[PDB]
$ cat model-v4.pdb   # PDB, C-alpha atoms and all ligand atoms
ATOM      1  CA  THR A1027       0.000   0.000   0.000
ATOM      2  CA  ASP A1028       1.265   3.441  -1.032
ATOM      3  CA  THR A1029       1.688   5.944   1.795
ATOM      4  CA  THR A1030       2.147   9.130  -0.252
ATOM      5  CA  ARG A1031      -1.470   9.811   0.692
ATOM      6  CA  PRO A1032      -4.495   7.766   1.828
ATOM      7  CA  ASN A1033      -5.985   7.255  -1.665
ATOM      8  CA  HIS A1034      -4.783   3.659  -2.138
ATOM      9  CA  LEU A1035      -6.197   2.758   1.259
ATOM     10  CA  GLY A1036      -9.572   4.113   0.180
ATOM     11  CA  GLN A1037      -9.413   2.286  -3.144
ATOM     12  CA  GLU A1038      -8.952  -1.004  -1.317
ATOM     13  CA  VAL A1039     -12.107  -0.327   0.711
ATOM     14  CA  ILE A1040     -13.917   0.751  -2.462
ATOM     15  CA  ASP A1041     -12.823  -2.488  -4.188
ATOM     16  CA  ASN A1042     -14.479  -4.606  -1.488
ATOM     17  CA  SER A1043     -17.747  -2.772  -2.122
ATOM     18  CA  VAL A1044     -17.445  -3.029  -5.902
ATOM     19  CA  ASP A1045     -16.776  -6.760  -5.570
ATOM     20  CA  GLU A1046     -20.333  -7.037  -4.219
ATOM     21  CA  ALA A1047     -21.616  -5.156  -7.279
ATOM     22  CA  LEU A1048     -19.609  -7.343  -9.655
ATOM     23  CA  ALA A1049     -21.131 -10.394  -7.947
ATOM     24  CA  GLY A1050     -24.605  -8.989  -8.610
ATOM     25  CA  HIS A1051     -25.546  -8.198  -5.005
ATOM     26  CA  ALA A1052     -24.860  -4.478  -4.806
ATOM     27  CA  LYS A1053     -26.421  -1.943  -7.181
ATOM     28  CA  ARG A1054     -24.929   1.128  -5.533
ATOM     29  CA  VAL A1055     -21.680   2.235  -3.883
ATOM     30  CA  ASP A1056     -21.460   5.611  -2.177
ATOM     31  CA  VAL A1057     -18.189   7.288  -1.256
ATOM     32  CA  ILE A1058     -18.083  10.301   0.996
ATOM     33  CA  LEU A1059     -15.057  12.405   1.840
ATOM     34  CA  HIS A1060     -15.803  13.957   5.239
ATOM     35  CA  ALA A1061     -14.781  17.448   6.355
ATOM     36  CA  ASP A1062     -12.265  15.944   8.780
ATOM     37  CA  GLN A1063     -10.606  14.114   5.859
ATOM     38  CA  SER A1064     -12.044  10.737   6.844
ATOM     39  CA  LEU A1065     -13.511   8.515   4.131
ATOM     40  CA  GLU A1066     -16.724   6.526   4.205
ATOM     41  CA  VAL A1067     -17.636   3.816   1.701
ATOM     42  CA  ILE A1068     -21.200   2.533   1.607
ATOM     43  CA  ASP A1069     -22.671  -0.270  -0.476
ATOM     44  CA  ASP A1070     -25.994  -2.086  -0.574
ATOM     45  CA  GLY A1071     -24.453  -5.525  -0.861
ATOM     46  CA  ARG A1072     -25.131  -8.556   1.343
ATOM     47  CA  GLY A1073     -23.403  -7.002   4.332
ATOM     48  CA  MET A1074     -20.192  -8.278   5.903
ATOM     49  CA  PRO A1075     -21.209 -11.477   7.751
ATOM     50  CA  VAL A1076     -21.492 -10.967  11.501
ATOM     51  CA  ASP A1077     -21.882 -14.601  12.574
ATOM     52  CA  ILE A1078     -19.004 -16.454  14.213
ATOM     53  CA  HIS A1079     -16.072 -17.639  12.139
ATOM     54  CA  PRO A1080     -15.622 -21.339  13.052
ATOM     55  CA  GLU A1081     -11.840 -21.455  13.573
ATOM     56  CA  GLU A1082     -11.312 -18.042  15.204
ATOM     57  CA  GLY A1083     -14.454 -17.899  17.333
ATOM     58  CA  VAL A1084     -15.171 -14.227  16.649
ATOM     59  CA  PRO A1085     -17.558 -12.428  14.281
ATOM     60  CA  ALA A1086     -16.322 -12.838  10.700
ATOM     61  CA  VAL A1087     -16.504  -9.062  10.323
ATOM     62  CA  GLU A1088     -14.381  -8.542  13.435
ATOM     63  CA  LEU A1089     -11.748 -10.890  12.003
ATOM     64  CA  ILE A1090     -11.763  -9.307   8.548
ATOM     65  CA  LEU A1091     -11.340  -5.828   9.996
ATOM     66  CA  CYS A1092      -8.702  -6.957  12.499
ATOM     67  CA  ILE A1093      -6.373  -8.102   9.728
ATOM     68  CA  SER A1117      -7.358  -5.403   7.230
ATOM     69  CA  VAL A1118      -5.116  -2.694   5.822
ATOM     70  CA  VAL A1119      -7.589   0.015   6.856
ATOM     71  CA  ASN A1120      -7.252  -0.996  10.497
ATOM     72  CA  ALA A1121      -3.454  -1.048  10.241
ATOM     73  CA  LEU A1122      -3.178   2.424   8.699
ATOM     74  CA  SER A1123      -6.148   4.134  10.361
ATOM     75  CA  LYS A1124      -6.336   5.662  13.827
ATOM     76  CA  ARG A1125     -10.046   4.802  13.723
ATOM     77  CA  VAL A1126     -12.338   2.520  11.729
ATOM     78  CA  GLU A1127     -16.080   2.242  12.310
ATOM     79  CA  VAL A1128     -18.091  -0.424  10.508
ATOM     80  CA  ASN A1129     -21.863  -0.688  10.250
ATOM     81  CA  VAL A1130     -23.570  -3.689   8.725
ATOM     82  CA  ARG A1131     -27.220  -4.053   7.740
ATOM     83  CA  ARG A1132     -28.135  -7.755   7.754
ATOM     84  CA  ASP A1133     -31.240  -9.833   8.579
ATOM     85  CA  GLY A1134     -33.167  -6.719   9.569
ATOM     86  CA  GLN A1135     -30.478  -5.757  12.077
ATOM     87  CA  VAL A1136     -27.898  -2.966  12.104
ATOM     88  CA  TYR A1137     -24.599  -4.148  13.571
ATOM     89  CA  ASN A1138     -21.850  -1.756  14.643
ATOM     90  CA  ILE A1139     -18.190  -2.300  15.536
ATOM     91  CA  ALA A1140     -15.192   0.001  15.852
ATOM     92  CA  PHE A1141     -11.423  -0.059  16.149
ATOM     93  CA  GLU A1142      -8.965   2.610  17.224
ATOM     94  CA  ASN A1143      -5.200   2.717  16.831
ATOM     95  CA  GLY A1144      -5.593  -0.792  15.457
ATOM     96  CA  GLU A1145      -7.548  -2.198  18.409
ATOM     97  CA  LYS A1146     -11.201  -3.157  18.776
ATOM     98  CA  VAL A1147     -12.716  -0.497  21.031
ATOM     99  CA  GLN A1148     -16.320  -1.544  20.534
ATOM    100  CA  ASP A1149     -17.525  -5.132  20.263
ATOM    101  CA  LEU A1150     -20.018  -6.059  17.567
ATOM    102  CA  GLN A1151     -23.451  -4.925  18.724
ATOM    103  CA  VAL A1152     -26.976  -4.382  17.435
ATOM    104  CA  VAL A1153     -27.607  -0.638  17.342
ATOM    105  CA  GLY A1154     -30.884  -0.750  15.463
ATOM    106  CA  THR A1155     -33.292  -2.482  13.096
ATOM    107  CA  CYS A1156     -34.081  -2.148   9.410
ATOM    108  CA  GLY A1157     -36.058  -3.718   6.609
ATOM    109  CA  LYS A1158     -35.088  -7.291   5.782
ATOM    110  CA  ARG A1159     -34.250  -6.275   2.219
ATOM    111  CA  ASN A1160     -32.086  -3.400   3.410
ATOM    112  CA  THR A1161     -28.612  -4.944   3.486
ATOM    113  CA  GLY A1162     -25.160  -3.507   3.002
ATOM    114  CA  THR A1163     -21.953  -2.352   4.610
ATOM    115  CA  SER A1164     -20.570   0.994   5.660
ATOM    116  CA  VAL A1165     -16.831   1.446   6.291
ATOM    117  CA  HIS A1166     -15.818   4.790   7.774
ATOM    118  CA  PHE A1167     -12.098   5.329   8.434
ATOM    119  CA  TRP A1168      -9.747   8.028   9.692
ATOM    120  CA  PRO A1169      -6.246   7.537   8.273
ATOM    121  CA  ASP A1170      -3.437   7.874  10.818
ATOM    122  CA  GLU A1171      -1.630  10.956   9.518
ATOM    123  CA  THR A1172       1.585   9.706  11.128
ATOM    124  CA  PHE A1173       1.834   6.989   8.461
ATOM    125  CA  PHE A1174       1.425   9.162   5.372
ATOM    126  CA  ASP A1175       3.559  11.821   3.703
ATOM    127  CA  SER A1176       0.253  13.698   3.528
ATOM    128  CA  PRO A1177      -3.110  12.890   5.189
ATOM    129  CA  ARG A1178      -5.045  14.752   2.504
ATOM    130  CA  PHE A1179      -7.051  12.720   0.012
ATOM    131  CA  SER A1180      -6.310  13.616  -3.607
ATOM    132  CA  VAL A1181      -9.820  14.272  -4.877
ATOM    133  CA  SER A1182      -8.987  14.246  -8.580
ATOM    134  CA  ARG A1183      -7.296  10.870  -8.150
ATOM    135  CA  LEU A1184     -10.227   9.455  -6.139
ATOM    136  CA  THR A1185     -12.816  10.488  -8.726
ATOM    137  CA  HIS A1186     -10.729   9.257 -11.682
ATOM    138  CA  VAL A1187     -10.387   5.787 -10.199
ATOM    139  CA  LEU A1188     -14.045   5.709  -9.122
ATOM    140  CA  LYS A1189     -15.320   6.634 -12.584
ATOM    141  CA  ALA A1190     -13.183   3.932 -14.161
ATOM    142  CA  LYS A1191     -14.615   1.565 -11.563
ATOM    143  CA  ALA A1192     -18.168   2.463 -12.587
ATOM    144  CA  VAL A1193     -17.151   1.863 -16.196
ATOM    145  CA  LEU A1194     -15.701  -1.569 -15.448
ATOM    146  CA  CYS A1195     -18.724  -2.646 -13.406
ATOM    147  CA  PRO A1196     -21.698  -1.850 -15.691
ATOM    148  CA  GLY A1197     -24.964  -1.382 -13.859
ATOM    149  CA  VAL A1198     -23.602  -0.167 -10.547
ATOM    150  CA  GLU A1199     -24.389   3.384  -9.527
ATOM    151  CA  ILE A1200     -21.417   5.088  -7.940
ATOM    152  CA  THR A1201     -21.742   8.383  -6.112
ATOM    153  CA  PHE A1202     -19.039  10.569  -4.621
ATOM    154  CA  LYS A1203     -19.843  13.294  -2.131
ATOM    155  CA  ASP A1204     -17.080  15.709  -1.177
ATOM    156  CA  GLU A1205     -17.890  17.561   2.039
ATOM    157  CA  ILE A1206     -14.577  19.421   1.944
ATOM    158  CA  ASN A1207     -14.932  21.019  -1.489
ATOM    159  CA  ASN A1208     -18.750  20.883  -1.428
ATOM    160  CA  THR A1209     -19.554  18.862  -4.522
ATOM    161  CA  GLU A1210     -21.532  15.770  -5.448
ATOM    162  CA  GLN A1211     -21.313  13.512  -8.493
ATOM    163  CA  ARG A1212     -22.888  10.290  -9.686
ATOM    164  CA  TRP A1213     -22.014   7.930 -12.505
ATOM    165  CA  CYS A1214     -23.647   4.863 -14.008
ATOM    166  CA  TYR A1215     -22.608   2.920 -17.090
ATOM    167  CA  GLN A1216     -25.567   0.778 -18.165
ATOM    168  CA  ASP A1217     -23.542  -1.596 -20.328
TER     169      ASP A1217
HETATM  170  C1  LIG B1301     -14.308  -6.620   3.349
HETATM  171  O1  LIG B1301     -15.395  -7.534   3.345
HETATM  172  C2  LIG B1301     -15.630  -8.103   2.074
HETATM  173  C3  LIG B1301     -16.956  -7.569   1.475
HETATM  174  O2  LIG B1301     -16.977  -6.090   1.424
HETATM  175  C4  LIG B1301     -18.314  -5.472   1.361
HETATM  176  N1  LIG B1301     -18.297  -4.144   1.378
HETATM  177  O3  LIG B1301     -19.334  -6.092   1.301
HETATM  178  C5  LIG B1301     -17.110  -8.075   0.027
HETATM  179  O4  LIG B1301     -16.084  -7.742  -0.678
HETATM  180  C6  LIG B1301     -17.171  -9.600   0.109
HETATM  181  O5  LIG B1301     -18.347  -9.824   0.896
HETATM  182  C7  LIG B1301     -18.928 -11.045   0.939
HETATM  183  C8  LIG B1301     -18.330 -12.252   0.333
HETATM  184  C9  LIG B1301     -19.031 -13.521   0.372
HETATM  185  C10 LIG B1301     -20.350 -13.643   1.017
HETATM  186  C11 LIG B1301     -21.046 -14.930   1.011
HETATM  187  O6  LIG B1301     -20.510 -16.122   0.551
HETATM  188  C12 LIG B1301     -22.297 -14.984   1.611
HETATM  189  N2  LIG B1301     -23.033 -16.166   1.707
HETATM  190  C13 LIG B1301     -23.442 -16.803   2.835
HETATM  191  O7  LIG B1301     -24.471 -17.462   2.741
HETATM  192  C14 LIG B1301     -22.649 -16.689   4.145
HETATM  193  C15 LIG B1301     -23.313 -16.348   5.400
HETATM  194  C16 LIG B1301     -22.513 -16.165   6.618
HETATM  195  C17 LIG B1301     -21.047 -16.324   6.587
HETATM  196  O8  LIG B1301     -20.355 -16.174   7.754
HETATM  197  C18 LIG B1301     -20.366 -16.671   5.333
HETATM  198  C19 LIG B1301     -18.863 -16.889   5.195
HETATM  199  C20 LIG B1301     -18.033 -15.640   5.507
HETATM  200  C21 LIG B1301     -17.445 -14.802   4.639
HETATM  201  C22 LIG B1301     -17.491 -15.034   3.146
HETATM  202  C23 LIG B1301     -16.695 -13.610   5.175
HETATM  203  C24 LIG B1301     -21.182 -16.853   4.126
HETATM  204  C25 LIG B1301     -22.816 -13.683   2.233
HETATM  205  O9  LIG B1301     -23.884 -13.644   2.840
HETATM  206  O10 LIG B1301     -22.147 -12.543   2.206
HETATM  207  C26 LIG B1301     -20.914 -12.398   1.628
HETATM  208  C27 LIG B1301     -20.216 -11.089   1.594
HETATM  209  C28 LIG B1301     -20.874  -9.879   2.134
HETATM  210  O11 LIG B1301     -15.997 -10.168   0.734
HETATM  211  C29 LIG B1301     -15.634  -9.641   2.129
HETATM  212  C30 LIG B1301     -16.593 -10.187   3.233
HETATM  213  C31 LIG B1301     -14.240 -10.200   2.407
END

$ encode --input "model-v4.pdb" --output "structure tokens" --more "lines below"
Ligand SMILES: CO[C@@H]1[C@@H](OC(N)=O)[C@@H](O)[C@H](Oc2ccc3c(O)c(NC(=O)c4ccc(O)c(CC=C(C)C)c4)c(=O)oc3c2C)OC1(C)C
Amino acid sequence: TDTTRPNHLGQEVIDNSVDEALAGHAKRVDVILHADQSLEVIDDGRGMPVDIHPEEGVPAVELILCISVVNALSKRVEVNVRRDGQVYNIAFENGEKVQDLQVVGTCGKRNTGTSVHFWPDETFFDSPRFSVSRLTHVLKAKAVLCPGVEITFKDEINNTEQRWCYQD
């Protein structure tokens, strides 16, 4: 992972969302660059499984995040999963789970998906600023290579919003 800036980190989180679209489960991926320079990636896929992983004995989502690159390079990572009518939440800080998986709400059974919100640890990057032009260029190409998915990008730092969808 490149540490010139947090873009590559974001693209890896975006790729996990797009993989759900490519598999035919997600129809939309939303990316939001927050005012505090944190990035949030939301998809309407199946939702990162929250049931126990046999070998490890911990929620699959907890395990995936624990070993993820976002967790390693972010001072904070908050994940919300919509699955089976339930909204599960879990968070890590400085690389450590600071909030066990827990049901924070309910939702429609058909409303599934995952939200990954992370705050890069500025100490690991030459620059903590996200390169917007680079983020949008890669996203657009992503929309192109995954026909049918609607990709939106909301920039709350430069106050702009865009959406792209390539039907075929
Ligand atoms: C970083 O997590 C990624 C996902 O990222 C997002 N945003 O959804 C996505 O890329 C992909 O997500 C998958 C990949 C495979 C299945 C999949 O095979 C499912 N089918 C099941 O019936 C199932 C139900 C519960 C369960 O614990 C598992 C196995 C666990 C896995 C695949 C982590 C499978 C399912 O419900 O959801 C899935 C999901 C959401 O792979 C992950 C979990 C590594």

$ closest_residue --input "model-v4.pdb" --among "A:1170, A:1028, A:1038, A:1045" --to "ligand LIG 1301 (chain B)" --atoms "only C-alpha atoms and all ligand atoms"
A:1045

$ residues_around --input "model-v4.pdb" --residues "residue 1062 (chain A)" --least-positions-apart "2" --cutoff "10 Å" --atoms "only C-alpha atoms" --output "VMD selection string"
chain A and resid 1059 to 1060 1064 to 1065 1168 1178 1205 to 1206

$ closest_residue --input "model-v4.pdb" --among "A:1052, A:1068, A:1086, A:1140" --to "residue 1124 (chain A)" --atoms "only C-alpha atoms"
A:1140

$ resolve_selection --input "model-v4.pdb" --expression "the PyMOL selection byres (((chain A and resi 1184) around 12) and not hetatm)" --output "JSON, numbers by chain"
{"A": [1031, 1032, 1033, 1034, 1035, 1036, 1037, 1038, 1040, 1057, 1058, 1059, 1065, 1178, 1179, 1180, 1181, 1182, 1183, 1185, 1186, 1187, 1188, 1189, 1190, 1191, 1201, 1202, 1203, 1204]}

$ write_last_selection --input "model-v4.pdb" --atoms "C-alpha atoms" --output "compact mmCIF listing (two decimals), in the frame of the given file"
# COMPACT_ATOMS: atom_id res chain seq x y z
CA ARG A 1031 -1.47 9.81 0.69
CA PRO A 1032 -4.50 7.77 1.83
CA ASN A 1033 -5.98 7.26 -1.66
CA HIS A 1034 -4.78 3.66 -2.14
CA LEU A 1035 -6.20 2.76 1.26
CA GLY A 1036 -9.57 4.11 0.18
CA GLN A 1037 -9.41 2.29 -3.14
CA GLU A 1038 -8.95 -1.00 -1.32
CA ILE A 1040 -13.92 0.75 -2.46
CA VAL A 1057 -18.19 7.29 -1.26
CA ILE A 1058 -18.08 10.30 1.00
CA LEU A 1059 -15.06 12.40 1.84
CA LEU A 1065 -13.51 8.52 4.13
CA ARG A 1178 -5.04 14.75 2.50
CA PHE A 1179 -7.05 12.72 0.01
CA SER A 1180 -6.31 13.62 -3.61
CA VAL A 1181 -9.82 14.27 -4.88
CA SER A 1182 -8.99 14.25 -8.58
CA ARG A 1183 -7.30 10.87 -8.15
CA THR A 1185 -12.82 10.49 -8.73
CA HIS A 1186 -10.73 9.26 -11.68
CA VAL A 1187 -10.39 5.79 -10.20
CA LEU A 1188 -14.04 5.71 -9.12
CA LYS A 1189 -15.32 6.63 -12.58
CA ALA A 1190 -13.18 3.93 -14.16
CA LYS A 1191 -14.62 1.56 -11.56
CA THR A 1201 -21.74 8.38 -6.11
CA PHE A 1202 -19.04 10.57 -4.62
CA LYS A 1203 -19.84 13.29 -2.13
CA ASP A 1204 -17.08 15.71 -1.18

$ residues_around --input "model-v4.pdb" --residues "residue 1195 (chain A)" --least-positions-apart "5" --cutoff "12 Å" --atoms "all atoms listed in the file" --output "CSV table (one decimal) with C-alpha atoms, in the coordinates of the input"
chain,number,residue,atom,x,y,z
A,1041,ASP,CA,-12.8,-2.5,-4.2
A,1043,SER,CA,-17.7,-2.8,-2.1
A,1044,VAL,CA,-17.4,-3.0,-5.9
A,1045,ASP,CA,-16.8,-6.8,-5.6
A,1046,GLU,CA,-20.3,-7.0,-4.2
A,1047,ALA,CA,-21.6,-5.2,-7.3
A,1048,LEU,CA,-19.6,-7.3,-9.7
A,1049,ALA,CA,-21.1,-10.4,-7.9
A,1050,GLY,CA,-24.6,-9.0,-8.6
A,1052,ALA,CA,-24.9,-4.5,-4.8
A,1053,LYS,CA,-26.4,-1.9,-7.2
A,1054,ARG,CA,-24.9,1.1,-5.5
A,1055,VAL,CA,-21.7,2.2,-3.9
A,1188,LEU,CA,-14.0,5.7,-9.1
A,1189,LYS,CA,-15.3,6.6,-12.6
A,1190,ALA,CA,-13.2,3.9,-14.2
A,1200,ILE,CA,-21.4,5.1,-7.9
A,1213,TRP,CA,-22.0,7.9,-12.5
A,1214,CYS,CA,-23.6,4.9,-14.0
A,1215,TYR,CA,-22.6,2.9,-17.1
A,1216,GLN,CA,-25.6,0.8,-18.2
A,1217,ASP,CA,-23.5,-1.6,-20.3

$ resolve_selection --input "model-v4.pdb" --expression "the PyMOL selection byres (((chain A and resi 1148) around 12) and not hetatm)" --output "list in words"
residues 1088, 1125, 1126, 1127, 1128, 1129, 1137, 1138, 1139, 1140, 1141, 1142, 1144, 1145, 1146, 1147, 1149, 1150, 1151, 1152 and 1153 of chain A

$ residues_near_ligand --input "model-v4.pdb" --ligand "ligand LIG 1301 (chain B)" --cutoff "9 Å" --atoms "all atoms listed in the file" --output "count of residues only"
40

$ atom_distance --input "model-v4.pdb" --atom1 "CA of residue 1161 (chain A)" --atom2 "CA of residue 1082 (chain A)"
24.7 Å

$ atom_distance --input "model-v4.pdb" --atom1 "CA of residue 1167 (chain A)" --atom2 "CA of residue 1030 (chain A)"
17.1 Å

$ atom_distance --input "model-v4.pdb" --atom1 "CA of residue 1156 (chain A)" --atom2 "CA of residue 1136 (chain A)"
6.8 Å

$ closest_residue --input "model-v4.pdb" --among "A:1133, A:1083, A:1177, A:1172" --to "residue 1159 (chain A)" --atoms "all atoms listed in the file"
A:1133

$ closest_residue --input "model-v4.pdb" --among "A:1118, A:1123, A:1199, A:1211" --to "residue 1171 (chain A)" --atoms "all atoms listed in the file"
A:1123

$ build_atoms --input "model-v4.pdb" --residues "region 1147-1166 of chain A" --atoms "N, CA and C atoms" --output "short mmCIF file (atom, residue, chain, number, x, y, z; two decimals), in the coordinates of the input"
data_model
loop_
_atom_site.label_atom_id
_atom_site.label_comp_id
_atom_site.auth_asym_id
_atom_site.auth_seq_id
_atom_site.Cartn_x
_atom_site.Cartn_y
_atom_site.Cartn_z
N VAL A 1147 -12.32 -1.30 19.88
CA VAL A 1147 -12.72 -0.50 21.03
C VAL A 1147 -14.22 -0.57 21.25
N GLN A 1148 -14.88 -1.38 20.43
CA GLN A 1148 -16.32 -1.54 20.53
C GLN A 1148 -16.74 -2.85 19.88
N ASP A 1149 -17.10 -3.82 20.72
CA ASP A 1149 -17.52 -5.13 20.26
C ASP A 1149 -18.73 -5.03 19.34
N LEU A 1150 -18.89 -6.03 18.48
CA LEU A 1150 -20.02 -6.06 17.57
C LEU A 1150 -21.27 -5.93 18.42
N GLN A 1151 -22.22 -5.12 17.97
CA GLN A 1151 -23.45 -4.92 18.72
C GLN A 1151 -24.58 -4.39 17.86
N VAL A 1152 -25.80 -4.82 18.17
CA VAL A 1152 -26.98 -4.38 17.43
C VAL A 1152 -27.37 -2.99 17.91
N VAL A 1153 -27.28 -2.02 17.01
CA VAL A 1153 -27.61 -0.64 17.34
C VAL A 1153 -28.94 -0.20 16.76
N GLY A 1154 -29.61 -1.10 16.05
CA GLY A 1154 -30.88 -0.75 15.46
C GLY A 1154 -31.48 -1.85 14.61
N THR A 1155 -32.59 -1.54 13.96
CA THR A 1155 -33.29 -2.48 13.10
C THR A 1155 -33.52 -1.84 11.74
N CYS A 1156 -33.85 -2.66 10.75
CA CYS A 1156 -34.08 -2.15 9.41
C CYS A 1156 -34.85 -3.18 8.62
N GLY A 1157 -35.32 -2.79 7.44
CA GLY A 1157 -36.06 -3.72 6.61
C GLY A 1157 -35.19 -4.91 6.26
N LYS A 1158 -35.81 -6.07 6.11
CA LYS A 1158 -35.09 -7.29 5.78
C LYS A 1158 -34.34 -7.20 4.46
N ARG A 1159 -34.88 -6.42 3.52
CA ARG A 1159 -34.25 -6.28 2.22
C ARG A 1159 -33.15 -5.22 2.23
N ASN A 1160 -33.10 -4.44 3.30
CA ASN A 1160 -32.09 -3.40 3.41
C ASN A 1160 -30.79 -3.98 3.97
N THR A 1161 -29.89 -4.38 3.08
CA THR A 1161 -28.61 -4.94 3.49
C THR A 1161 -27.47 -4.12 2.92
N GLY A 1162 -26.29 -4.27 3.50
CA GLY A 1162 -25.16 -3.51 3.00
C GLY A 1162 -24.12 -3.30 4.07
N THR A 1163 -23.05 -2.61 3.69
CA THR A 1163 -21.95 -2.35 4.61
C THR A 1163 -21.48 -0.93 4.48
N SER A 1164 -21.10 -0.35 5.62
CA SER A 1164 -20.57 0.99 5.66
C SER A 1164 -19.22 0.94 6.38
N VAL A 1165 -18.17 1.41 5.70
CA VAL A 1165 -16.83 1.45 6.29
C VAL A 1165 -16.38 2.90 6.34
N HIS A 1166 -16.21 3.41 7.55
CA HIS A 1166 -15.82 4.79 7.77
C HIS A 1166 -14.45 4.77 8.47
#
